[PDB]
Amino acid sequence: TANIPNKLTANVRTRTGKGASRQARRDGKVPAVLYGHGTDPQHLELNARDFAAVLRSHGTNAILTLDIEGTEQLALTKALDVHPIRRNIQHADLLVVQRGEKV
Amino acid sequence: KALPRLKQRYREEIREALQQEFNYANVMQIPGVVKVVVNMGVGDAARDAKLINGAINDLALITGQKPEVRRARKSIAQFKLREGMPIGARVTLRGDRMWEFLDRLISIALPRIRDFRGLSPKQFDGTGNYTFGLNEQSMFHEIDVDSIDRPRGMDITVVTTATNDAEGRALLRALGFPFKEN
Amino acid sequence: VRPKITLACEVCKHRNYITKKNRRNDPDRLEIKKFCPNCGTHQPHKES
Amino acid sequence: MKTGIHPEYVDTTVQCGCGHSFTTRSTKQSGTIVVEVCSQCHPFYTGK
Amino acid sequence: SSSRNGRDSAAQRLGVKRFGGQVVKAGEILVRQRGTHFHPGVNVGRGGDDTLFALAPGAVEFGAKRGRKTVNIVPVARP
Amino acid sequence: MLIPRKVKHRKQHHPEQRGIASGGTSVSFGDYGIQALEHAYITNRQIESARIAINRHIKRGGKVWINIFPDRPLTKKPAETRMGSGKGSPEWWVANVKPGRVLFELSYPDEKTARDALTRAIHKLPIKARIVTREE
Amino acid sequence: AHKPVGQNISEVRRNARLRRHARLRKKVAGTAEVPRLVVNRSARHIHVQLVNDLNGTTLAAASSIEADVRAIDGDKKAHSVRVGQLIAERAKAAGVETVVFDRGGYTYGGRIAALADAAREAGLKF
RNA sequence: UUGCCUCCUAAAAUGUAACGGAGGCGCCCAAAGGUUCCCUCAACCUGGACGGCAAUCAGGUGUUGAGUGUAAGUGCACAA
RNA sequence: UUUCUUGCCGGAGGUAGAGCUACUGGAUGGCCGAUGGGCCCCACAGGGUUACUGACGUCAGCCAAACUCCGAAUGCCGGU
RNA sequence: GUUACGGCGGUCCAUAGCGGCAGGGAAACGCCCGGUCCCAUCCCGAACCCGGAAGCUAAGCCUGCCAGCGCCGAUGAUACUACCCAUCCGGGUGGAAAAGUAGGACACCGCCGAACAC
């Protein structure tokens, strides 16, 4: 069997860092880093609302179709930095999911 | 022209015996006895050093080598023993001397034990060798019943190149060690 | 238990050195070879 | 062997009960001995 | 009450006295320490109290040889 | 009750009440937990009171973990004394709680009773705390 | 099949030689002007290399292996004398007069002592 | 309590107070100094005689875990 | 101008932080449950229901000024 | 100049180590046979030292492959932090970890001298 890779828009970050990440979290966009077999890491800003919806829907372990500027890339959430107080997703680690590889 | 009986017998037939029995893959794998270490810890040295003196004399007679006066590793109060106090007598025999010491042992002293029913293989101590502790020293025929002073008892460790307990047991059996392997 | 001892050269009897031994561990007058400057060579030095 | 500080070592003859005289180097000054119970005489070693 | 404490030795003013890149004469004290936190390197000697000093002139250079921090003097060619 | 069998140093500086907890900030033993939201020295007195509250509420059944341990000693110089003459002797043992630390945890079938017991513990406690759950 | 439970005497000797050599090198270095004459000793042969720890590059070398030393009959210490002579010639020709002689972690005396004495008589101020 | 040494206080150079938190010191060395050269220590058995948690020198095994004359540190297994 | 500021560069450090299965000290559960107690066969022979201390520890997640596998930011020394 | 080469060295000395699976001794490296000799054991030719090549690549050393233990390890994010704004809350710019993750790694480099080649 399989699980539909939940659709989720992602945008490459124009500015990466502490100030950029805090501004993004205010805007409602969680920062994430896509890495894995893809060799080169990519820095993304997912939508906080949609991503939390996806997570609370399909558990922490779910496959995401990240739309990076209109490029379906399958990934999974391997780490979720969650602020212990605000409880908001603080940051995401996204392991590229090769269509045809095990993790 | 000069070769001890046990060494000659070993090199001649025990090598073939072990090769054939254990399908060793090389002569260097074919085991071979290594130093025979005769230990004896007087223990009561804290009360009398003449005890360790007599122990040294007994070892010198038996093994034929000036024993080493092995001190104590550290001071333990419960034993009334302090570090640097001489507590044991050591002797190391190698080569022809160890071979013939084993010959003497096997063919005179072990049969001269009081009520003996063959050595203990269950405590064979394979990898290391075979450490069996005697109850008395007079059993060693070489020292005289007139010259003995006190029950001493020994610890003979026949270190071998035996890779494991089975191979060591085979080696010492072929050597002759009468075990009570039942 | 450990006095200030003065070692003097046996040859010129010049008190050259001041050490401390232990009067108990080494009660005998200390003997060690050190050179008097006026002699030049290391000569036996003994307690005063 | 450093020197003669070890007990003198010399060949020796042991005439056991079975008659199998063994020639073995030992520190017995005299160089000759006899034993009533040897390997070939003991029950267990002989086959008892 | 009464505290049984209240004592402390005079601070010995240890540490590095010449840092990497400082040019030193032949004999300057490069480091003061109680053990050998830094070990003596090339043209650097260790004194009785574990003081690292310059055996030869030149610039101090902190390196590592076999997992031990070391103080070296690299010669300065006269221009 | 909760007292260290031995502390290397009996008299220690006041633990710093700064920052959000870096560890123990999530339920890891039980179903529910009491998460702190303010800094405080949670004394062993308070821990005992809260634990007894939870155990008596949940009555018979259930399991309660006490993540924090009051291992930090706080001294108290003898009563009616002037400033000086050395540090007071240890008087009460506390656990340095920081916001986001899960102090207690509970596993009990009835969610209603579990939440009630945790609320009673929070009442016994000297700070704001919330009933967090394992389910994220 | 086989399980060498202990550490073979070859391993023990190699490690111990390396340790003795390391503690020796803790004081002996060998500089271009005063190279280090390292000596390796084997049950069959003896080798020597004038090394320069600044460069880590050997300046000269001799060994009992050479056909000349093999032709020189006698014993191991005779071959050691000959190799000491050869390395002395090679070093002198290189331009090195003084050296510091490294035992290689072995003991004084024997092949190594004969080699050092031969080099000294040959002309190495080491 | 007063002098000296070590640590933490002491805010990653140095230094930094309190009747702050801890301890040591008013010595031992003729070897425990110098030097040359060698060695590594803890912890468990194939196994052991009176021998036990602990002796042995049992190395047979085992990777630098003890030991530094003495408080504390900084060091020392390359060894200190 | 050696002063100071700023940029750059060479530095050492063990603070904040964090980690501790990297040490020294305080903590949830199964594992062996080894050393042991009753039951034990009442024999000290032999073995397990062994709710028990259940150790050294094995394996899974948490704290320290006098803990450190680590470790900034500043500050400091020096060069330009 | 080529080697399942031996030594001497370097690395900000584990990306190198430990462990495992397979392989070879040509010169060498080793094990290995002895103690007559230099020399040696707080006893022992075990070690050290001395003579030989009878035997063996079984070990040591070295070759290839294993990512199993250890080792390294990002990028992001976070903690922390210099300065600044801010009436308690916080925030900005610059720096930025530890841990963890992706992963890397079963070493790399220099000198000689060996056997063959030239």
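Just so it is clear, the values below take in all heavy atoms, side chains as well, and ignore hydrogens, waters and symmetry mates. So that the names make sense, note that chain A is the first sequence line, chain B the second, and so on, each numbered from 1.
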Quiz question: going by heavy-atom distance under 3.5 Å, is there a donor-acceptor pair between the base of [N] and the side chain of [X]?
{"X": "G/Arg14", "N": "J/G30", "result": "no"}
{"X": "G/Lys27", "N": "H/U36", "result": "no"}
{"X": "E/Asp8", "N": "H/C7", "result": "yes"}
{"X": "G/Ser10", "N": "J/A59", "result": "yes"}
{"X": "A/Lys18", "N": "J/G94", "result": "yes"}
{"X": "E/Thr36", "N": "H/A80", "result": "yes"}
{"X": "B/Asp125", "N": "H/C45", "result": "no"}
{"X": "B/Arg70", "N": "H/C57", "result": "no"}
{"X": "C/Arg2", "N": "H/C29", "result": "yes"}

Could you work out the separation of [N] and [M] based on their [atom1] atoms and round it to a whole Å?
{"N": "J/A102", "M": "J/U75", "atom1": "P", "answer": "15 Å"}
{"N": "H/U35", "M": "H/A43", "atom1": "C1'", "answer": "36 Å"}
{"N": "I/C20", "M": "J/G100", "atom1": "P", "answer": "8 Å"}
{"N": "J/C37", "M": "J/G7", "atom1": "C1'", "answer": "30 Å"}
{"N": "J/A67", "M": "J/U15", "atom1": "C1'", "answer": "12 Å"}

Does [N] stack on [M], meaning their six-ring centres are under 5.5 Å apart and the planes differ by under 30°?
{"N": "J/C37", "M": "J/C38", "result": "no"}
{"N": "H/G51", "M": "H/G52", "result": "no"}
{"N": "J/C21", "M": "J/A22", "result": "yes"}
{"N": "I/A51", "M": "I/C52", "result": "no"}
{"N": "J/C84", "M": "J/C85", "result": "yes"}

Hey, are [Y] and [X] close enough side-chain-wise for a donor-acceptor pair under 3.5 Å?
{"X": "E/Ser3", "Y": "E/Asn5", "answer": "no"}
{"X": "G/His45", "Y": "G/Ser63", "answer": "no"}
{"X": "B/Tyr24", "Y": "B/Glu167", "answer": "yes"}

Does the sign of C1'-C2'-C3'-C4' make the [N] sugar north or south?
{"N": "H/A12", "value": "north"}
{"N": "H/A55", "value": "south"}
{"N": "J/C42", "value": "north"}
{"N": "H/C78", "value": "south"}
{"N": "J/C84", "value": "north"}

query: Is the ring centre of F/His9 under 5.5 Å from the base ring centre of I/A66, and are the two planes under 30° apart, so that they stack?
result: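 A stacking contact exists, since F/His9 sits close and nearly parallel to the base ring of I/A66.
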
Taking only side-chain nitrogens and oxygens of B/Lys74, does any of them come within less than 4.0 Å of OP1 or OP2 of H/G67?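 So the side chain of B/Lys74 is outside the cut-off, no N or O lying under 4.0 Å from OP1 or OP2 of H/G67.
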
Exercise. Does B/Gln123 make a side-chain N or O approach to OP1 or OP2 of H/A49 shorter than 4.0 Å?
Worked result: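 Yes, such a contact exists.
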
*asked:* Need the pair for J/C5. Rule: Watson-Crick or G-U wobble, both distances under 3.5 Å, any strand; none if unpaired.
replied: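 With both distances under 3.5 Å, J/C5 matches J/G113.
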
Quiz prompt | Least distance between heavy atoms, G/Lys76 atom then G/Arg44 atom | solution =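 Closest approach of G/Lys76 to G/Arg44, heavy atoms only: NZ-N, 4.5 Å.
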
- Distance-minimising heavy-atom pair for B/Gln65 and D/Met1: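 B/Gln65 and D/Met1 have their closest heavy atoms at CG-CE, 3.7 Å.
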
_Mind checking if B/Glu68 touches a base, just sugar-phosphate, or nothing, with heavy atoms under 4.0 Å?_
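Base: the residue B/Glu68, judged by heavy atoms under 4.0 Å, touches a nucleobase.
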
Looking only at side-chain atoms of B/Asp155, point me to the closest of H/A80, H/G48, J/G60.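 Ranking H/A80, H/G48, J/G60 by closest atom to the B/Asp155 side chain puts H/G48 first.
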
**Request:** Return the nearest nucleotide to the side chain of G/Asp102; candidates are I/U28, J/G9, J/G100.
**Result:**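 The closest nucleotide is J/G9.
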
Just confirming the chi classification of I/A64, syn or anti, using 90° around 0 as the syn window.
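I/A64: anti glycosidic orientation.
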
(message) Taking the six-membered ring of E/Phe62 as reference, does the cationic atom of E/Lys69 (NZ for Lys, CZ for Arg) lie under 6.0 Å from its centre and within 45° of its axis?
(response)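 No - E/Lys69 does not lie over the ring of E/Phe62 by the 6.0 Å and 45° rule.
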
For RNA chain J, what residues of residues 64-72 of chain E have any heavy atom nearer than 4.0 Å?
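RNA chain J contact set from residues 64-72 of chain E: E/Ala64, E/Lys65, E/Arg66, E/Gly67.
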
### Task
Using atom NE2 of E/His39 as one end and atom P of H/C76 as the other, report the distance to the nearest whole Å.
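The answer, rounded to whole Å, is 4 Å.
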
| request: Tell me which of B/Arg11 and G/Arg44 sits closer to the 5' end of RNA chain J, going by the nucleotide each one is nearest to. | output: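 It is B/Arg11 whose nearest nucleotide is closer to the 5' end.
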
